[PDB]
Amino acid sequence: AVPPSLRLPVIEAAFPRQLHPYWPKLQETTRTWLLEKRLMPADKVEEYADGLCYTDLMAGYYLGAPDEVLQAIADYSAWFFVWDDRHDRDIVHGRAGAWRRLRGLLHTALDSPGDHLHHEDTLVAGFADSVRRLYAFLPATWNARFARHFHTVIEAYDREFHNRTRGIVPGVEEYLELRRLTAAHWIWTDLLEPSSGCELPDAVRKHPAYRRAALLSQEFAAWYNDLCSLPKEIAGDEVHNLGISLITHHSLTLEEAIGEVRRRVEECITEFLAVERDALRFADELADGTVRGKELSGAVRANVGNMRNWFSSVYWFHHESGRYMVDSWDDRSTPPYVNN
């Protein structure tokens, strides 16, 4: 039963869950990869990795992906969670230099991953492995777009490091802008493309219905994470959360803030339903009787289908994953799965 404050009856009724058939293999393969790359201690992998549901989250999202593509995505996704944990620990322990050096290595590795496959920092080596595999599916133009997007993401994490060290809580609009980067909206949007086997031309992926449907799917993901992760984040002195920007800067109570975040999330869903009709119409228009048109139509339809799947995968992930079960931790400020 989903806690009442978090429950979204529209998701439960109108966004039925899907699961990619490769999921059982995926779960074990990513577990093995976390182990082999030493991204988590073996005992924490054993006790917590499956319960974190990171592979489940991606297998409920990129339906239709080739198994090899889904594997690279899931390994990268598990890496991303461990990176969020590393960032958090560097902030909590005041390791500004370790963070600055990591920030610089990730920018460099992102451009030349094969050069970093055996880097001394296992977090950099794990990143490089997943990124080198992601760069082997589509043309270099897609790789460069992924890289452009993730450089921006790394810098947004750097801004978060400074806000948290300086005790600054961003304002609402400042936060909303920053959250499109820290949630990595455009990375997940880029990854729709190797999942359906096609780098989309700019004229297609920048069509306003495709752009808007893509944006709303990610706003939902980010803001619903804010709603569900708020208790862990308060306990951990995290300042980045739409709710916190509202408590801090609009004098809402915790209760009023949870309500406003929920209202924003609900409205995302019904705005998505409207634009989804336009995006699927566009998918239809592309099928103009030509071979290329059929290819583009098929890829856009699959991508818009997965933009829809992200809602249900994210919703259930937050209720299933150990990552947010702060009530179960002996020390609420120190999740058990993090390297402290």
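Numbers for residues come from their place in the sequence shown, where the first is 1.
- A summary of the deposited B-factors shows that, of 252-260 and 86-94, the stretch with the larger mean C-alpha value is 252-260.
- Checked against the record, the higher mean CA B factor of 170-178 and 123-131 lies with 170-178.
- Highest CA B-factor among the listed residues (112, 195, 241, 152): 112.
- The PDB entry gives the largest Cα B-factor of the residues 69, 40, 57, 274 to 40.
- When the CA B factors of the chain's modelled residues are split into thirds, the value for residue 301 lands in the middle one.
- Split the chain's modelled residues into thirds by C-alpha temperature factor. Residue 45 is in the highest one.
- Ranked against the other modelled residues of its chain, the C-alpha B-factor of residue 312 as given in the entry falls in the lowest third.
- Ranked by Cα temperature factor within the chain, residue 279 sits in the middle third according to the deposited record.
- For residue 65, the recorded CA temperature factor ranks within the middle third of the chain's modelled residues.
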